[PDB]
Every structure is written in C-alpha cells, then in structure tokens.
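Positions are given from 1, in the same order as the sequence printed here. The figures that follow rest on heavy atoms only: side chains count, while hydrogens, waters and symmetry mates do not.
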Amino acid sequence: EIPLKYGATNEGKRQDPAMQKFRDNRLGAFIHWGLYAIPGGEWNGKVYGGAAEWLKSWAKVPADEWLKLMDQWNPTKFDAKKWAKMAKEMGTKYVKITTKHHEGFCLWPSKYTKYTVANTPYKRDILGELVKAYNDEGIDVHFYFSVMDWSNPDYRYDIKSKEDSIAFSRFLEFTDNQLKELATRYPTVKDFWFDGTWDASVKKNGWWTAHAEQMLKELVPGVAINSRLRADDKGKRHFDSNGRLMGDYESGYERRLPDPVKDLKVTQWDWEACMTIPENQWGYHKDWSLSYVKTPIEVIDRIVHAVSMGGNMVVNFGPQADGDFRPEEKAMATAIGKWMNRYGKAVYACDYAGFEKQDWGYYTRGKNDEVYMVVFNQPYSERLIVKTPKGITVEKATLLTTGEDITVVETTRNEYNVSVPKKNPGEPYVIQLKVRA
Ligand SMILES: C[C@@H]1O[C@@H](Oc2ccc([N+](=O)[O-])cc2)[C@@H](O)[C@H](O)[C@@H]1O
C-alpha cells in the first residue's frame, strides 16, 4: 500500500465513551444561522432558487457589501433557552451549530476578525448562549466550521504559485487561531464538523487537515472530527489513498442515504447524515414553494433509515433573522418529537441489525440484541415477512407502544410472518422482537 504521513489514524470504530455517546445520540438537529438569514434568499427584489446561505455567490455580492448586513443583525426574538427547549421537545440528543459559514461571519466574538456578532447591533455572544442553554438541557453541542472564508483575502481556491502558498499559509494560521479559540472558549464542544474543505487548496495541504484534527483532539479530550475535514498526502478526501476512513466518522449522504441493499459496507464505520427539509436550503430562505418540502413522515423515514444502517441523522433548521423559527420548522420539530416520544427506543443507542431488508420498513438493533421492526409500509397481506440470519430464531414479538403480544408464525427455515397489530396504528410504528442464538 501507498506510504502516507497524513492518512487514516483510527483502525476501526472508536469505542471510548465520548464516541459511544456521539453514536448513541443518533438524532441531532442542525442550525444554519448567519447573515444570509436577513435577505433570506432575495437580493434586490429577486428571490433566487439557490441555497439561501449561498446568496452572496448567486447574486455576485462583493465581500464588503455582503458583510454590511452586520448592521442589520439584530435578532430581537432570540431566546437560547427556548431554542434548547425546542430541541429537547423534538427529541434531539445533540445540535450542530454553524459557528462561521462560508460568508465568514462568526457567531461568537472572535478575537481574530471584525466580522463577528460583537460588531452588530445585537452584540451578544450567540454561540456561547446556545452552548449553555443546550448543555443545560443535557444536549451535546457540535460545531460546524467552514474552512473556506469569503471575508478573508488570504483564502485561496488553489495553490498555483508561491504567492498563493504564502497567502494560504497565513489563512491557515488565522483558521488555527479561530479553531483553538473555539476549543478553549467552549470546552464542552463534542465535535468539529468541517465544511468548505473541498477546494484544491485544501487538498494540496493534507498535512494541515491532519494537524487540525490532532490539534483539536489535544485540546478537547474525546472530541469527534468528521471525514470531510481530511485530505491525505495525495489530496484524496474522506478516505485516504489506501481506502481507510480519516477522522472519526464519515460525514456525507446529504443528497442520498446509503442503499439498504447495496451499501452495507457503511455499517463498518461510524457515519452521519445531515438533511434539509426542502430539497437544498440550509440557511433561512423566505420562499419554500420553490422546491419539494419533506413531510414529517418522510423525515422520520430518513432518520430510521440512517440508524438501521448504523448511522446518525441530523435534521437542519434555518432560523429567521429575527431569532425565531418558521412555522414549518416548528411543526416538523413537534411532529418528530411526538413520534420520538412514542418510538424512540428503536432509534436512540440503536444500530444495524444484520437482517436482510424487507419492504415494510426497517430493522434496528438495540444494544442488547433487541430487534425493532419499524413499519413504514403496511402490507395488505397483514403479514410482515422476516428473514432471519443463520442461527437466529424469533421467540416473540411485542407492539412497542402497548406491550401487546404479536403473533409470529414460522413459514420456513429462517423465515417468519409477524402479524400486523389488531388495530392499525395509523402512523409508522414499531414491533419489538425477542430473538435467540
Ligand atoms: C451542510 C452544507 O454543506 C455544504 O454543501 C454541501 C456539501 C456537500 C454535500 N454533499 O456531498 O451531499 C451537499 C451540500 C455547504 O456549502 C452548505 O451550504 C451547507 O452548510
């Protein structure tokens, strides 16, 4: 195999208690909040279809003019405690927060740039307030951090000269300064989730991504670091040139979850999917009619899908410029929350069950060999087919919400019909299996 100084560090899955916690959490929320919430995808009376947090790009807005949006940053309805309560009611165990998105505006009063919350009418340390409020509810906080920074002239998209190399070096020192600052100001952070690391400039500096991961693990014991940060000696990203995952989990699947039949390889490493409610809006966008908006069951389906394949799922929110959430997002949080309250035993601290996928829905495995059937598609046959692996027998089936016994009929070796419940639950539901050796 290829000689590497900056390839994969972990052999298989980390199993220290912090990584176990990161994994067992399973369901998180994402917060994309930045200057982009003010225009909300509209620039000079025109609504753009592109992702709102990218509006500076779509509308060709110079750095100086975009960043003047700071003068309007005054989220008067913001209440960190109420944000924390919303997250708790939704059943999220963690929240990932945009500390600085591509635009380069910091949600914490960084010492290293003037483009921060400190220099707006609101003045207050938003990041600090959220970290405390979430933590007070027993919710872990993860930091989103964009390496790419449209506010800083030293950023480069590629290195094709000594000049680029010198500027980028300065940029990387500035970046390191911000990272160490976050890590030491907010020592309860559990994860750094890097974004804007896809450029050729970053690929040519694999050494730096490995140093950034080491630097943070040294500052925050047990911290998690995503694969999206990492490039190796050859510029190959996420997985090194020997095929081994870099960082602590694979971060991806924003557009496409792993196929439950063809993508079983993913069960071999920790991973996390983040998802938007509309097709592709992360930051606040004023017009959600421009693309398909996922219903609660469609989101729940994805959450279970991820867990059923040994992955976490994170649901994105784009708070309004006033510091409140749109009613579509409040409804989603509440609907997920109701369902999680009923059926979350099949999600929290669950993993890949090792069973062949069936059409009615998903399996998840509890930590102590509970096998949960999560039914999204109710069979007219009134029979849920279960094909067990070699050695496995189904001893009992129980409806999760009521404890009622569910009929199990053996149909052939390694195959059973689990009866649907006597009364249709009328929403996606869970049947718990007692299995044996
Ligand atoms: C979470 C998102 O991350 C990136 O956009 C991406 C990056 C990767 C994928 N992806 O590989 O599916 C999709 C959107 C960002 O540019 C962005 O605006 C948002 O923060």
Side-chain angles (χ1 to χ4, degrees), residues 28-41 50-57 66-67 69-70 73 75 78 80 83-84 86-87 92 94-110 112-113 115-118 120 122 124-134 139-152 155 175 178-179 181-183 185-186 188-198 216 224-226 228-229 251 254 272-278 280-285 314-326 329:
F30 223 121
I31 290 298
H32 269 78
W33 208 30
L35 300 172
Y36 43 80
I38 297 157
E53 78 283 356
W54 276 78
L55 182 69
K56 184 196 189 305
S57 186
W66 177 261
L67 292 162
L69 290 172
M70 287 170 62
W73 179 263
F78 176 75
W83 282 37
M86 183 183 183
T92 66
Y94 70 105
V95 178
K96 313 189 76 97
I97 308 172
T98 53
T99 65
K100 179 182 73 164
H101 202 271
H102 313 323
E103 56 173 15
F105 169 78
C106 302
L107 280 195
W108 82 101
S110 179
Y112 302 98
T113 179
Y115 305 114
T116 77
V117 290
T120 71
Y122 200 72
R124 295 202 230 154
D125 177 0
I126 301 280
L127 188 63
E129 289 186 30
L130 288 171
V131 165
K132 179 77 180 192
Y134 288 132
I139 297 163
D140 297 333
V141 183
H142 296 193
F143 291 162
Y144 171 120
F145 189 94
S146 187
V147 167
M148 174 168 72
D149 191 326
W150 298 334
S151 72
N152 184 329
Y155 185 69
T175 301
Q178 283 183 329
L179 293 176
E181 186 179 49
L182 290 172
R185 259 179 91 84
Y186 313 106
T188 74
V189 58
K190 297 309 182 200
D191 170 79
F192 285 76
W193 194 90
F194 289 90
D195 201 74
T197 42
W198 45 77
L216 290 166
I225 299 293
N226 70 337
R228 175 160 287 147
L229 161 67
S251 60
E254 284 87 5
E272 181 184 67
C274 305
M275 60 167 280
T276 52
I277 295 167
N280 190 17
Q281 299 292 339
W282 301 89
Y284 180 82
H285 198 287
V314 187
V315 179
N316 183 70
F317 293 82
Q320 309 176 151
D322 65 359
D324 201 357
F325 292 81
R326 77 201 305 154
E329 279 174 5

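Taken to the nearest 0.5 Å, the CG atom of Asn152 stands 7.5 Å off from the OG1 atom of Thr175. Atoms OG1 and CG, on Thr99 and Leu182 in that order, are 5.0 Å from each other to the nearest 0.5 Å. The distance from atom CZ of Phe194 to atom CG of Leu229, rounded to the nearest 0.5 Å, is 5.0 Å.
Considering only heavy atoms from C-beta on, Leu67 comes within 4.5 Å of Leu35 through its side chain. Side-chain contact between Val95 and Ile97 is present, with at least one heavy-atom pair separated by less than 4.5 Å. Taking 4.5 Å as the limit, some side-chain heavy atom of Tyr115 sits within range of a side-chain heavy atom of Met70. Here the side chains of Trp54 and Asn280 are not in contact, with every heavy-atom distance at 4.5 Å or above. With contacts defined as side-chain heavy-atom distances shorter than 4.5 Å, the pair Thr113/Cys106 qualifies. Using a 4.5 Å heavy-atom cutoff, the side chains of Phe325 and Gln320 are not in contact. Using a 4.5 Å heavy-atom threshold, the side chains of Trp83 and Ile126 count as separate. Side-chain contact between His142 and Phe30: absent, with no pair of heavy atoms (C-beta onward) separated by less than 4.5 Å.
Taking the six-membered ring wherever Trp is involved, the centroid distance between the rings of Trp282 and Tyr36 does not fall below 6.0 Å. Taking the six-membered ring for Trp and the full ring otherwise, the centers of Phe145 and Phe192 sit at least 6.0 Å from each other. For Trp33 and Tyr284, the ring centers are positioned 6.0 Å apart or more.
Contacts of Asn226 classified as side chain to side chain donor-acceptor pair (under 3.5 Å), with partners at least two apart in sequence or in another chain: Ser251. Applying the ring-ring contact (aromatic ring centres under 6.0 Å, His included) criterion to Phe105, with sequence neighbours excluded, gives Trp73. Legend: residues meeting side chain to side chain contact (heavy atoms under 4.5 Å, CB included) with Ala52, ordered by chain and number and at least two apart, are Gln281, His285. By the salt bridge (charged side-chain N to carboxylate O under 4.0 Å, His left out) test, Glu53 pairs with no residue at all, sequence neighbours left out. With sequence neighbours excluded, the residues forming a salt bridge (charged side-chain N to carboxylate O under 4.0 Å, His left out) with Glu129 are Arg124, listed by chain and number. Partners of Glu181 according to the side chain to side chain donor-acceptor pair (under 3.5 Å) rule, which considers only residues two or more places apart in sequence or in another chain, are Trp108, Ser110. Residues satisfying the side chain to side chain contact (heavy atoms under 4.5 Å, CB included) test with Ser146, not counting sequence neighbours, are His102, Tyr144, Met148. With sequence neighbours left out, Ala118 forms a side chain to side chain contact (heavy atoms under 4.5 Å, CB included) with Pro109, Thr116. In this view, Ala273 and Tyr253, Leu257, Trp271, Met313 satisfy the side chain to side chain contact (heavy atoms under 4.5 Å, CB included) rule, not counting sequence neighbours. When the side chain to side chain donor-acceptor pair (under 3.5 Å) test is applied to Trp150, the partners found at least two apart in sequence or on another chain are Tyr157. Scanning for salt bridge (charged side-chain N to carboxylate O under 4.0 Å, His left out) contacts around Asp195 gives an empty result, with sequence neighbours left out. Residues passing the salt bridge (charged side-chain N to carboxylate O under 4.0 Å, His left out) test with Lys56: none are found, sequence neighbours excluded.
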Report task. List the steps and the verdict of side chain to side chain contact (heavy atoms under 4.5 Å, CB included) for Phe143 and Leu127. Result -> CA-CA 9 Å; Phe143 291 162; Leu127 188 63; 3.9 Å; yes
Report task. Please step through salt bridge (charged side-chain N to carboxylate O under 4.0 Å, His left out) for the pair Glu272 and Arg228, ending with a clear verdict. Result -> CA-CA 11 Å; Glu272 181 184 67; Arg228 175 160 287 147; over 6 Å; no
Requested in this report: Show the numbers, then the answer: is there a side chain to side chain contact (heavy atoms under 4.5 Å, CB included) between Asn316 and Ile277?
Outcome: CA-CA 7 Å; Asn316 183 70; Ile277 295 167; over 6 Å; no
**Report entry** Test side chain to side chain contact (heavy atoms under 4.5 Å, CB included) applied to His101 and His32, step by step
**Finding:** CA-CA 8 Å; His101 202 271; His32 269 78; 3.5 Å; yes
Query raised in the report: Checking side chain to side chain contact (heavy atoms under 4.5 Å, CB included) for the pair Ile31/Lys96: CA distance, chi angles, key distance, verdict?
Result: CA-CA 6 Å; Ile31 290 298; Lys96 313 189 76 97; over 6 Å; no
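The side-chain contact (heavy atoms from CB on, under 4.5 Å) with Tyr186 is formed by just one residue from the set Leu130, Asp125, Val141; it is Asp125.
Residues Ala133 and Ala84 come closest through the heavy atom pair O-CB, 3.3 Å. When every heavy atom of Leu216 is checked against every heavy atom of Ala183, the shortest pair comes out as CD2-CB, 3.8 Å. For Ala37 against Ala321, the heavy-atom pair with the smallest separation is O-CB, 3.5 Å. Here the shortest heavy-atom pairing between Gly323 and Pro75 reads N-CB, 3.7 Å.
A distance-only check finds a donor-acceptor pair linking the side chain of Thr120 to the backbone of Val117 [under 3.5 Å].
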